[PDB]
Amino acid sequence: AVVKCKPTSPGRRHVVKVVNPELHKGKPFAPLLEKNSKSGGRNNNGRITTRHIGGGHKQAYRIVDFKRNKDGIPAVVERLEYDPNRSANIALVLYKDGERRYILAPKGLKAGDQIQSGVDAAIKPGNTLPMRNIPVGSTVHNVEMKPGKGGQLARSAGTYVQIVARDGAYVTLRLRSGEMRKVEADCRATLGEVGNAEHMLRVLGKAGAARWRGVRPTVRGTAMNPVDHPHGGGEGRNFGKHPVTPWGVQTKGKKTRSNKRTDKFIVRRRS
Amino acid sequence: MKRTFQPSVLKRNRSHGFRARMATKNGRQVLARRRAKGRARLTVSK
Amino acid sequence: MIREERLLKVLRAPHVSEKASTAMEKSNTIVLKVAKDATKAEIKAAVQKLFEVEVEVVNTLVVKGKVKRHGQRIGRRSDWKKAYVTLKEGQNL
RNA sequence: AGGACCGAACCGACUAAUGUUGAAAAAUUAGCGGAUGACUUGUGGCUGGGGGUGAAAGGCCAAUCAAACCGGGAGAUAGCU
RNA sequence: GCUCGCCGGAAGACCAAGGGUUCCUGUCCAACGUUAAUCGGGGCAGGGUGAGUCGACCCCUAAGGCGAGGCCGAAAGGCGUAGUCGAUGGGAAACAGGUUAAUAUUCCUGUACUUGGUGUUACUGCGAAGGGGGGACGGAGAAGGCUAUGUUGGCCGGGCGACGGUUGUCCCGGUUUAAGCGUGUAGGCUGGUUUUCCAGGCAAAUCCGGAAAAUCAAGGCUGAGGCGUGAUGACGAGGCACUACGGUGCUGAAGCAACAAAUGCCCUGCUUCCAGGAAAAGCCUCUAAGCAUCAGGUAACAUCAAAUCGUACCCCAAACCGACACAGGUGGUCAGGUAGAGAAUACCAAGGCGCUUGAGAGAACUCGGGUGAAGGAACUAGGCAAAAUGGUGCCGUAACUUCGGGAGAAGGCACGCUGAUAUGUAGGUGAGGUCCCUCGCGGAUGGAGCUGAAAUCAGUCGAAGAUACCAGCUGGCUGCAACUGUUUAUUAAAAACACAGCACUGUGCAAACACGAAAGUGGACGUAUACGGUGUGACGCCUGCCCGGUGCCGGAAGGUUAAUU
Ligand SMILES: [Mg+2]
Ligand SMILES: [Mg+2]
Ligand SMILES: [Mg+2]
Ligand SMILES: [Mg+2]
Ligand SMILES: [Mg+2]
Ligand SMILES: [Mg+2]
Ligand SMILES: [Mg+2]
Ligand SMILES: [Mg+2]
Ligand SMILES: [Mg+2]
Ligand SMILES: [Mg+2]
Ligand SMILES: [Mg+2]
Ligand SMILES: [Mg+2]
Ligand SMILES: [Mg+2]
Ligand SMILES: [Mg+2]
Ligand SMILES: [Mg+2]
Ligand SMILES: [Mg+2]
Ligand SMILES: [Mg+2]
Ligand SMILES: [Mg+2]
Ligand SMILES: [Mg+2]
Ligand SMILES: [Mg+2]
Ligand SMILES: [Mg+2]
Ligand SMILES: [Mg+2]
Ligand SMILES: [Mg+2]
Ligand SMILES: [Mg+2]
Ligand SMILES: [Mg+2]
Ligand SMILES: [Mg+2]
Ligand SMILES: [Mg+2]
Ligand SMILES: [Mg+2]
Ligand SMILES: [Mg+2]
Ligand SMILES: [Mg+2]
Ligand SMILES: [Mg+2]
Ligand SMILES: [Mg+2]
Ligand SMILES: [Mg+2]
Ligand SMILES: [Mg+2]
Ligand SMILES: [Mg+2]
Ligand SMILES: [Mg+2]
Ligand SMILES: [Mg+2]
Ligand SMILES: [Mg+2]
Ligand SMILES: [Mg+2]
Ligand SMILES: [Mg+2]
Ligand SMILES: [Mg+2]
Ligand SMILES: [Mg+2]
Ligand SMILES: [Mg+2]
Ligand SMILES: [Mg+2]
Ligand SMILES: [Mg+2]
Ligand SMILES: [Mg+2]
Ligand SMILES: [Mg+2]
Ligand SMILES: [Mg+2]
Ligand SMILES: [Mg+2]
Ligand SMILES: [Mg+2]
Ligand SMILES: [Mg+2]
Ligand SMILES: [Mg+2]
Ligand SMILES: [Mg+2]
Ligand SMILES: [Mg+2]
C-alpha cells in the first residue's frame with residue numbers, strides 16, 4: 001500500500017513509500033544467502049565502465065530458483081520476504097520432501113498457497129510448466145529463452161508476458177516492451193504476473209534516498225568543458241549541437257541494435 | 001596543514017621494496033640500472 | 001639432544017654490571033652474554049653442563065648496538081643477546 | 001519519525017583585522033556554516049598521463065597540471081635578444 | 001627552598017602509527033641552543049628493554065594481489081581455474097601487591113588459568129577433502145537493573161590555633177582490597193521428551209529438514225551485578241631511629257553504612273523502521289572409504305612442553321609530518337570537585353608548566369583592549385567595524401501557507417537572600433520488625449533512616465539578583481535558486497554544480513553501452529515497474545505556431561555509383 005509522508009521536513013514532503021504488511025519482518029533464510037560485494041561500476045581493469053554507480057546499503061544475495069526444475073513435488077509457501085537485490089518480492093516455499101526454496105513472488109500469492117512445477121501441474125498462478133502445455137492467451141512471467149536455462153524474461157515487479165500464438169515448435173510472446181518474439185515451446189513459464197505492481201508508484205523524495213540505492217549524481221554534458229564532453233563549453237548557456245553521448249554517438253533516436261544472430265526470433269519490433 | 005609525506009612502513013615496502021621491484025621486468029631493470037650506477041642502497045627495503 | 005660443540009659455542013661471556021651484581025645477590029640469577037641465535041633451551045643446557053649447576057629458568061633479551069661516532073664516521077656496534085638465568089636457590093655458582 | 005531544530009567535540013571556511021624578508025610557501029585572533037547524515041574518521045586496497053578521477057571549478061592526480069614527474073632523442077629548432 | 005602566576009575533556013596520563021637510544025648515570029662547554037649557561041633531546045663513556053597468559057609470529061578469511069595447467073596476445077605480456085597470499089575483522093589462557101637510577105600483567109611474593117604431547121587406568125565405535133548446526137553481524141529509539149565514581153554520616157588517628165571567637169552541630173586526614181573459584185540473581189530467548197516414517201542436504205548418516213502419533217505439561221540455553229571465598233593476607237594515616245637531609249629499616253588504628261549516579265555493563269538484548277544490514281576457521285554434531293578382541297574417542301591421574309622476535313624513550317610533540325627546539329597537522333583510550341543542561345564555561349584536584357634574551361624609559365606612530373560630554377549613520381561604495389541582543393518558567397504572538405509551518409514571530413512579567421507553610425514538603429530510596437510459600441539473590445506488609453525539588457506568603461539588602469564567564473538583534477518590501485548538500489586545496493561558495501520530479505531516446509539479454517588488438521570484465525548473478533544516454537529541474541497553472549535549413553527515423557520506382565569480371 002502506498003503512503004504519502006507528512007511534510008514535517010523538506011526532505012519528507014514528497015516521499016511516497018510502498019508499505020507491505022505481509023513482508024517477513026525477521027532475518028532471511030541463511031542457507032540460501034551469500035555475499036555480493038559492490039563494484040562501483042569498475043571492471044577488472046579498475047576503470048569506470050558504467051557511470052553513476054557507487055555506495056549504497058550493504059546487501060546479501062538471495063539464491064532465487066529461476067529454473068523451477070523440481071517437478072512433481074508440491075511445495076507450500078512459508079512467507080513473503082523483502083529482496084534488496086530486485087524490485088519484486090520473493091517467496092520462501094517448502095517442498096514436501098523438506099527442501100526450501102526462494103521463488104519470485106507472483107501476484108496474489110500468500111502463505112499457505114500450494115504451488116507445483118511440471119508437465120502435469122494445474123493451471124494456477126505460481127505453477128511452472130513448459131509453454132507447450134499452457135493455453136494460448138495466458139499471462140505468464142519468469143519466461144525461459146532456452147529450455148532448462150532458467151527464467152530470463154518478465155522478472156521485474158508487475159511484469160508479465162502474453163502467449164499470443166502457438167504454431168509448431170515455437171510460441172509467439174508479446175513482451176512487456178511490446179515486441180512480438182518467438183521462443184521454443186519447451187521453454188518453461190510461470191502462470192500469472194509478478195507481484196508488487198505498486199513498486200513504480202514510489203517517490204524517493206530526496207537526493208539521499210537515491211544515494212541509498214547506490215546511484216551517484218549525473219552531471220549534464222552541457223555543464224562541463226569541451227575537453228571532456230562534446231556538449232561542453234560556451235559563454236553562458238549555449239548548446240548549438242546535435243545531442244550525443246559522451247562518446248559522440250547521436251543519443252536521440254539513433255538505433256543501436258546489431259545482432260543478426262537473433263534477428264530471426266524477432267517477429268515485430270517494439271516501435 | 002597536512003603535508004604530502006605520511007609515512008607507512010608497510011606501504012613503503014609494498015610500493016618500493018625489493019620484492020616489489022623484483023616482481024616485474026621493469027622493476028628488475030630499475031635494479032639493474034642502480035647496480036650499474038653502483039648505488040650503496042639498492043631499494044627502500046631496509 | 002644438543003651436542004657438546006653447540007653447547008660450547010653458545011656461552012660467550014659473563015655480563016658484569018651493577019644490575020647484574022644485585023641480581024646475583026638478590027635472586028640467585030646470573031647474567032650472561034650468549035650467542036645471538038641461542039635458544040632458551042640451549043642456554044639452559046650449556047649452563048647446566050659446562051658450569052655444573054641446576055638451572056631453574058632462563059630469560060633472554062636482545063640488546064641493540066649503538067650508533068657511534070669515530071671522527072665524523074657513522075659506525076654501529078653489533079646486536080647481542082643477554083640471558084637472565086636463575087638457579088634453583090641451592091647452587092650459587 | 002526527520003538529508004528536523006539549538007548547540008560542544010569533529011568536519012568546514014562567510015566577514016574583518018593582523019601578518020605579507022610571516023610564528024606559517026595560505027596561518028592567527030574575533031565572529032561564521034554543518035553537526036544521525038548525500039556525515040565524518042583510521043587501516044588496507046583499486047584506477048596512470050591524451051590517461052585516470054571529477055555533485056563540473058579545466059578542478060585534482062606528492063607545495064608541479066589546457067596534458068604529472070624522471071630519463072632519453074638532445075648540443076631539437078631560435079630570420080630573435 | 002619559600003612565595004607568585006598558568007593548564008587541568010589538558011598545556012595531565014596511556015595505546016597505535018612514525019622515529020630510533022632521544023631513556024638513566026658520570027663527566028665536559030669548542031661547535032649546536034636565536035642571549036649567558038655550571039644546564040640540555042649537545043659532546044664523550046658506561047649502563048638499561050627479562051613473558052606459556054601483552055603483541056608479533058601462528059590458524060582463518062575481506063577488498064585486492066599473485067597464479068600450475070588454461071584462454072588470449074608481433075615480442076614484451078594480458079586475463080583467469082585449481083590453489084596460494086593478503087587485516088583494518090574471527091580464533092586458547094593472569095591478576096593484585098612489592099621492587100630499579102633506568103623494565104615490568106615480563107623480575108619477586110601470593111593466588112590462578114589455557115593448549116598440546118607422552119605414560120598408567122576405567123570404559124568405549126573411531127575415522128573427511130564431505131553433510132548439518134554455530135561463528136554470524138544494520139540504523140534509530142526506550143526503559144529497567146547495575147557498576148565505575150562521587151557526596152554525607154558513622155568509625156579511627158591527630159588538632160585546640162600568629163588577630164576578636166574556636167570542647168564543638170569545631171578543624172585536618174584516612175576509611176583500600178584483583179583475577180580465579182562457589183552461588184545463578186534483575187533480566188532475555190526457546191515448549192520439552194519418546195516413537196515411527198520420508199522424492200530433500202552431489203553418496204551415506206543415528207545429524208539437519210519434513211510428516212504423524214503419544215506424553216509431560218515444564219526442560220533447556222544465555223545472563224550484568226551482589227554475596228561468600230581468594231584475604232587471620234596485602235595495603236594502610238601515622239608513629240619510633242639512622243642518614244650521605246637523595247632515602248632508608250621497623251611497627252601500624254579504622255578499614256563501615258546510606259544516598260546519588262554514567263555516554264561503561266546486562267545489551268551480539270528488547271522495540272521499531274527500510275536503505276534489509278561480511279567471509280572463513282577455531283568449535284559442536286553426522287556419517288563415507290577404511291580399520292578392526294588394533295588403531296581411535298571420553299573421563300581420571302601423573303609428567304613434560306609452550307619456541308622465536310618486540311618490550312628503553314617521545315608519542316597533540318623540541319624526539320612523528322611541516323628545511324628550524326616552526327603559534328600548523330596527527331587515529332584511539334582514561335575522564336575528579338563546586339557551580340552548570342553539558343565533554344559548553346569559570347575557579348580548582350591529581351598531575352604538569354611560566355613557553356631559551358633580559359634591564360630600563362613611559363615620545364610620535366603601529367598593534368590588541370577599556371571608558372567617554374552633546375549628537376546618533378550626519379561615516380561610507382556599503383552600518384565595514386564596533387556597539388547591541390542573549391537564560392529559565394509563564395502570558396501572548398500578524399500577513400501568508402504546500403496546513404508541517406511562519407514562530408524563539410513580535411512583545412511582556414517574575415528571578416538574590418532569610419523564615420514559615422513543612423524542627424525538610426511533593427517525590428525518590430528504603431532498614432528493622434510481622435506474616436507466608438516449591439526456603440531462596442523469594443513474596444507480601446511495613447514504614448525507621450537517607451536524599452530531596454518546585455511553589456506560595458511574609459520579611460530583607462543593593463543602583464542593579466538570568467549580576468561574573470556564558471548567552472538570538474528585531475521588523476518591512478523585493479531579485480535569484482524549491483529545499484539539506486557540492487565547488488575553483490592557495491584572491492570567486494554563488495544566481496554556478498547536484499537534487500527528488502519530468503520528458504525524449506536507445507536497449508529482448510551473449511542487451512544497448514563502456515574498458516579492452518584479444519581473452520575477458522563491468523552493465524548484473526539485474527531482464528523493459530530494468531538498464532544506458534540526453535535535456536529540464538520540488539510544487540502550482542501550464543508548455544502555443546513552423547519539418548522550409550541541418551540532424552535523426554522510415555522507404556526504394558528511378559538516376560548515379562567501388563572492388564570484382
Ligand atoms: Mg546514468
Ligand atoms: Mg537525472
Ligand atoms: Mg564551467
Ligand atoms: Mg570535443
Ligand atoms: Mg548567451
Ligand atoms: Mg545561437
Ligand atoms: Mg630517504
Ligand atoms: Mg623476550
Ligand atoms: Mg539537521
Ligand atoms: Mg548546529
Ligand atoms: Mg571544501
Ligand atoms: Mg576560528
Ligand atoms: Mg541547521
Ligand atoms: Mg572557464
Ligand atoms: Mg598540487
Ligand atoms: Mg601536448
Ligand atoms: Mg636528433
Ligand atoms: Mg640548446
Ligand atoms: Mg646520541
Ligand atoms: Mg634526559
Ligand atoms: Mg651560546
Ligand atoms: Mg646527551
Ligand atoms: Mg616467568
Ligand atoms: Mg592473474
Ligand atoms: Mg602459466
Ligand atoms: Mg592463508
Ligand atoms: Mg584470491
Ligand atoms: Mg587485525
Ligand atoms: Mg620508565
Ligand atoms: Mg558503588
Ligand atoms: Mg551518543
Ligand atoms: Mg614502556
Ligand atoms: Mg609544534
Ligand atoms: Mg622555544
Ligand atoms: Mg583530526
Ligand atoms: Mg574548557
Ligand atoms: Mg604606551
Ligand atoms: Mg588603540
Ligand atoms: Mg568600549
Ligand atoms: Mg572610570
Ligand atoms: Mg559619546
Ligand atoms: Mg551620553
Ligand atoms: Mg536614536
Ligand atoms: Mg550618508
Ligand atoms: Mg557623504
Ligand atoms: Mg558586522
Ligand atoms: Mg562586541
Ligand atoms: Mg531588480
Ligand atoms: Mg540553493
Ligand atoms: Mg546550504
Ligand atoms: Mg580559492
Ligand atoms: Mg573564499
Ligand atoms: Mg556479457
Ligand atoms: Mg538547468
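Below, chain A is the first sequence line, B the second, and so on; all start at residue 1.
Side chains of A:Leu33 and A:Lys27 form no contact here, defined as non-hydrogen atoms less than 4.5 Å apart.
In this structure, A:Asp83 reaches neither bases nor backbone, as no heavy-atom distance under 4.0 Å exists between it and the strands shown. Using a 4.0 Å heavy-atom cutoff across all strands shown, A:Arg237 reaches sugar-phosphate atoms only and no base atom. Within 4.0 Å (heavy atoms only), A:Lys255 reaches sugar-phosphate atoms of the nucleic acid but no base atom. The residue A:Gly253 sits close only to the backbone: its heavy atoms come under 4.0 Å of sugar-phosphate atoms, none of a base. Note on A:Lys146: nothing from the nucleic acid sits closer than 4.0 angstrom, heavy atoms only. As judged by a 4.0 angstrom heavy-atom cut-off over every strand, A:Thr251 is placed among the base-contacting residues. A:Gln152 comes within contact range of at least one nucleobase, with a heavy-atom separation under 4.0 Å. Using a 4.0 Å heavy-atom cutoff across all strands shown, B:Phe5 reaches sugar-phosphate atoms only and no base atom. A:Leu204 comes within contact range of the sugar-phosphate backbone alone, with a heavy-atom separation under 4.0 Å but no base atom that close. Residue-level contact check: A:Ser258 touches neither bases nor backbone, having no heavy atom under 4.0 Å from any strand. Heavy atoms of A:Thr8 sit under 4.0 angstrom from at least one base atom. Within the nucleic acid shown, A:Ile63 has no heavy atom closer than 4.0 Å to any nucleic acid atom. Residue contacts shown for B:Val9 are limited to sugar-phosphate atoms, with no base heavy atom under 4.0 Å away. If you check every strand for non-hydrogen atoms under 4.0 Å, C:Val58 touches nothing.
Taking atom P on both nucleotides, E:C266 is separated from E:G138 by 15 Å, rounded to a whole Å. For the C1' atoms, the distance linking E:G452 with E:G433 amounts to 26 Å, nearest Å. Rounded to whole Å, the P atom of E:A325 lies 13 Å from the corresponding atom of E:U357.
Counting distance only, with no hydrogens placed and no angle test, the side-chain atoms of B:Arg33 and the base atoms of D:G71 include no donor-acceptor pair under 3.5 Å. No N or O donor and acceptor, one from the side chain of C:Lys66 and one from the base of E:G48, sit under 3.5 Å apart. Between the side chain of A:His14 and the base of E:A538, a donor-acceptor pair under 3.5 Å is found.
Under the 4.0 Å criterion applied to side-chain N and carboxylate O atoms, A:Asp97 and A:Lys70 are assigned as salt-bridge partners. Between C:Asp79 and C:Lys82, none of the side-chain N atoms (NZ, or NE/NH1/NH2) sits under 4.0 Å from a carboxylate O, so this pair counts as no salt bridge.
Closest to the A:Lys254 side chain, of the nucleotides D:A26, E:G209, E:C553, is E:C553. Picking from D:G3, E:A530, E:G46 the nucleotide with the shortest atom distance to the side chain of A:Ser156 gives E:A530. The C:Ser17 side chain lies nearest to E:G48 when the options are E:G48, E:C321, E:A45. Among the nucleotides D:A26, E:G526, E:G508, the one closest to any side-chain atom of A:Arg269 is E:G508. Closest approach to the C:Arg77 side chain among E:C44, E:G46, E:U534 is made by E:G46 (side chain taken as heavy atoms from C-beta onward). Comparing E:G322, D:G44, E:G200 against the side chain of A:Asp97 picks out E:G200 as the nearest. Here the nucleotide nearest the side chain of C:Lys19, chosen from E:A538, E:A500, E:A102, is E:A102. For A:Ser9, the listed nucleotide lying nearest its side chain is D:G2; candidates were D:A57, D:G2, E:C321. Taking the side chain of A:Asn259 as heavy atoms from C-beta on, and the options D:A38, E:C509, E:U402, the nearest nucleotide is E:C509. Nearest to the side-chain atoms of A:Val219 among the listed nucleotides E:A482, D:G44, E:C497 stands E:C497.
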Table of protein N/O atoms under 3.5 Å from nucleotides 303-310 of chain E N/O atoms:
from   : atom 1 : to      : atom 2 : distance (Å)
E:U308 : OP1    : C:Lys40 : N      : 2.8
E:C309 : OP1    : C:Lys81 : NZ     : 2.4
E:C309 : OP2    : C:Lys81 : NZ     : 3.3
E:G310 : OP1    : C:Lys64 : NZ     : 2.6

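Taking the six-membered ring where the residue is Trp, C:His15 and C:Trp80 present tilted rings, their angle falling between 30° and 60°.
Base-pair partner of E:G459: E:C417 (Watson-Crick or G-U wobble, both distances under 3.5 Å). Of all nucleotides present, only E:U109 satisfies the Watson-Crick or G-U wobble test against E:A96, with each distance under 3.5 Å. Under the Watson-Crick and G-U wobble criteria, each requiring two contacts below 3.5 Å, nucleotide E:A302 is paired to E:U118. Under the Watson-Crick or G-U wobble criterion, with both distances below 3.5 Å, E:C123 is paired with E:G297. Pairing partner, E:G449: E:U429, with both Watson-Crick or wobble hydrogen-bond distances short of 3.5 Å. Nucleotide E:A388 is matched to nothing when pairs are restricted to Watson-Crick or G-U wobble geometry with both distances under 3.5 angstrom. Remark: E:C245 base-pairs with no nucleotide; criterion is Watson-Crick or G-U wobble with both hydrogen-bond distances under 3.5 Å.
Near-neighbour residues of RNA chain E inside residues 174-196 of chain A, defined by a heavy atom below 4.0 Å, number-ordered: A:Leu175, A:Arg176, A:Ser177, A:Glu179, A:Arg181. Near-neighbour residues of RNA chain D inside residues 20-55 of chain A, defined by a heavy atom below 4.0 Å, number-ordered: A:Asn45, A:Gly46, A:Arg47, A:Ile48.
The furanose ring of E:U527 falls on the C2'-endo (south) side of the pseudorotation cycle, as its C1'-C2'-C3'-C4' torsion is below zero. Judged by the sign of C1'-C2'-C3'-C4', the furanose ring of E:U38 adopts a south, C2'-endo-like conformation. For E:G419, classification of the furanose by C1'-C2'-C3'-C4' yields a north pucker, on the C3'-endo side.
Nearest-nucleotide positions on RNA chain E place A:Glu78 closer to the 5' end than the other of A:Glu78 and B:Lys2. Residue whose closest nucleotide on RNA chain D sits further toward the 5' end, between A:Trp212 and B:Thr4: A:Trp212. Mapped onto RNA chain D by nearest heavy atom, B:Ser8 and A:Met224 fall at different nucleotides, with B:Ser8 at the one closer to the 5' end.
Cation-pi contact between A:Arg100 and A:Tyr95: absent, since separation from the ring centre below 6.0 Å together with deviation from the ring axis within 45° is not met.
In E:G310 the base sits anti relative to the sugar, since the glycosidic angle is further than 90° from 0. Nucleotide E:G246 is shown with a syn base, its glycosidic torsion being within 90° of 0.
Neighbours E:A51 and E:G52 do not stack on each other, since their six-membered rings do not meet both centres under 5.5 Å apart and planes tilted under 30°. Judged by ring centres closer than 5.5 Å and planes tilted by less than 30°, the bases of E:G523 and E:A524 are stacked on each other. Without both a ring-centre distance below 5.5 Å and an interplanar angle below 30°, E:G42 is not stacked on E:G41. Consecutive residues E:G472 and E:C473 do not stack, lacking base ring centres under 5.5 Å apart with planes under 30°.
Aromatic stacking is not marked for A:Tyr82 over E:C274, as the cut-offs of 5.5 Å for the centres and 30° for the planes do not both hold.
Summarising the local packing, CD of A:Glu34 is surrounded by more than 12 heavy atoms from other residues, nucleotides or ligands at distances under 6.0 Å.
The phosphate of E:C509 (OP1 or OP2) has a side-chain N or O of A:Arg257 nearer than 4.0 angstrom. Within the structure, every side-chain polar atom (N or O) of A:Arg211 is placed at least 4.0 Å from both OP1 and OP2 of E:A275. In this model, the phosphate group of E:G533 is not approached by any side-chain N or O of A:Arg220 to a distance below 4.0 Å at OP1 or OP2.
Between A:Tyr82 and A:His24, the distance separating the two ring centers is not shorter than 6.0 angstrom.
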